[PDB]
Ligand SMILES: O=C(O)CNC(=O)C(=O)O
Ligand SMILES: [Mg+2]
Ligand code: NI
Ligand SMILES: [Zn+2]
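Following this line, the structure appears as structure tokens:
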């Protein structure tokens, strides 16, 4: 069995290997990359996402989100307070202000220490989940707006044509902006490209151990667990690496830098934080290997998770017994 310790793997495809996206995902899996839940892909030196980032300041962040924490430094939830719209140039200036900028630090490990010590005492503002793309239309390789759609994959594997669309999302971050512990909708893959700016640190639990994380989370967030049998679908709970280690939960960590891709694999729980002003693009995708994960994915039916239009068909076809309850939670 390849990668039996479930380490995060880093790949350096050549320009020739970068042509065929599906084939390269399958290659990475042949080497055991999925066992980690997360892989890094460093593009060939010949590749670029677009020519420059000099002309992005007028993009609008219609609903910036202030991430307010409650709890203790290593075990907390966050809620999202909506703020007034602002442009990317306005947001960048805000991120660089004395109130929000990255503190002085020695290296990524020192900054990680500072994040976990101090995150809860601040409320950073995240420009998350903005439909759009920064890939040039002429970029033919690993262009996150030109991937095969999940609806087409389901149709190819299962024969059933379904409604829905699959487009990318932009994320504008600042110091301490945080993504809570989660797997993707319907335990899909994700791919994330860090277009510009400061790094993003990731934590991940191997898919084969995801239920260990869920059991810890039920213990640590006991009111939330009573409220909902899949409350990590709410995307609000954080648990630090120190707490994970104290409770024997298997996990790994890695820092993504500008110009790098990360892939999350089906049922790979992940969480993390941004080092400073940055912009990422991400989208969900599927492969044949996903189908069995989609059929077994947990679902939130309490009302909190509320998701896209396109998840309806995935539940309806892959999980018909759960469909009626889940759709009630949507309405
Ligand atoms: O970058 C973020 O805030 C969160 N991204 C992801 O969870 C992802 O790409 O799957
Ligand atoms: Mg612009
Ligand atoms: Ni994710
Ligand atoms: Zn719920």
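Residue numbers (the numbering used here): 20 to 350. Each residue gets a CB set at the ideal place from its N, CA and C atoms; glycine is no exception.
(1) From the DSSP output, in three-state form, read off residue 277 for me.
(2) If I measure Cβ to Cβ from residue 176 and keep anything under 7 Å in the same chain, skipping five residues before and after, which residues do I get?
(3) Considering Cα atoms alone, identify which of 259, 114, 133 is closest to residue 200.
(4) Going by DSSP in three states, residue 347 sits in which element: helix, strand or coil?
(5) In this structure, what does DSSP give as the bridge partners for residue 296?
(6) Report buried or exposed for residue 315, applying the criterion of at least 16 other Cβ atoms within 10 angstroms of its Cβ.
(7) Residue range of the alpha helix (DSSP H) that residue 137 falls in?
(8) Given a cut-off of 9 Å, decide if residue 224 and residue 94 are closer than it, judged by their beta-carbon atoms.
(9) What's the gap between the Cα of residue 116 and the Cα of residue 147?
(10) Buried or exposed: residue 29, going by 16 or more other Cβ atoms within 10 Å of its Cβ?
(11) Is the beta carbon of residue 261 within less than 8 Å of some heavy atom of ligand 1?
(12) How many Å lie between residue 238 and residue 249 at the Cα?
(13) Listed in chain order, which residues are found with a beta carbon closer than 7 Å to a heavy atom of ligand 2?
(14) Does the Cβ-Cβ distance between residue 194 and residue 273 come in under 9 Å?
(15) Might you give, ordered along the chain, the residues of its own chain that have their beta carbon closer than 7 Å to the beta carbon of residue 341, omitting 5 neighbours on each side?
Taking the coordinates as given:
(1) If DSSP states are grouped into helix, strand and coil, residue 277 belongs with coil.
(2) So the list reads 307, 310, once near-sequence residues are dropped.
(3) Of 259, 114, 133, the smallest CA-CA separation from residue 200 is found for 259.
(4) Of the three classes helix, strand and coil, the one that applies to residue 347 here is helix, per DSSP.
(5) DSSP output for residue 296 lists no bridge partner at all.
(6) The residue in question, residue 315, is exposed, as its Cβ has fewer than 16 Cβ neighbours within 10 Å.
(7) Start and end: 127 to 137.
(8) In this structure, residue 224 does not lie closer than 9 Å to residue 94 by Cβ.
(9) Each residue's alpha carbon lies about 19 Å from the other.
(10) Exposed, since its Cβ has fewer than 16 Cβ neighbours within 10 Å.
(11) No, the beta carbon of residue 261 sits no closer than 8 Å to any heavy atom of ligand 1.
(12) Between the C-alpha atoms of residue 238 and residue 249 there is a straight-line separation of about 13 Å.
(13) In chain order, the residues that have a beta carbon nearer than 7 Å to some heavy atom of ligand 2 are 74, 75, 76, 77, 78, 107.
(14) Not a contact, by the Cβ cut-off of 9 Å.
(15) Answer for residue 341: 318, 334, listed in chain order.
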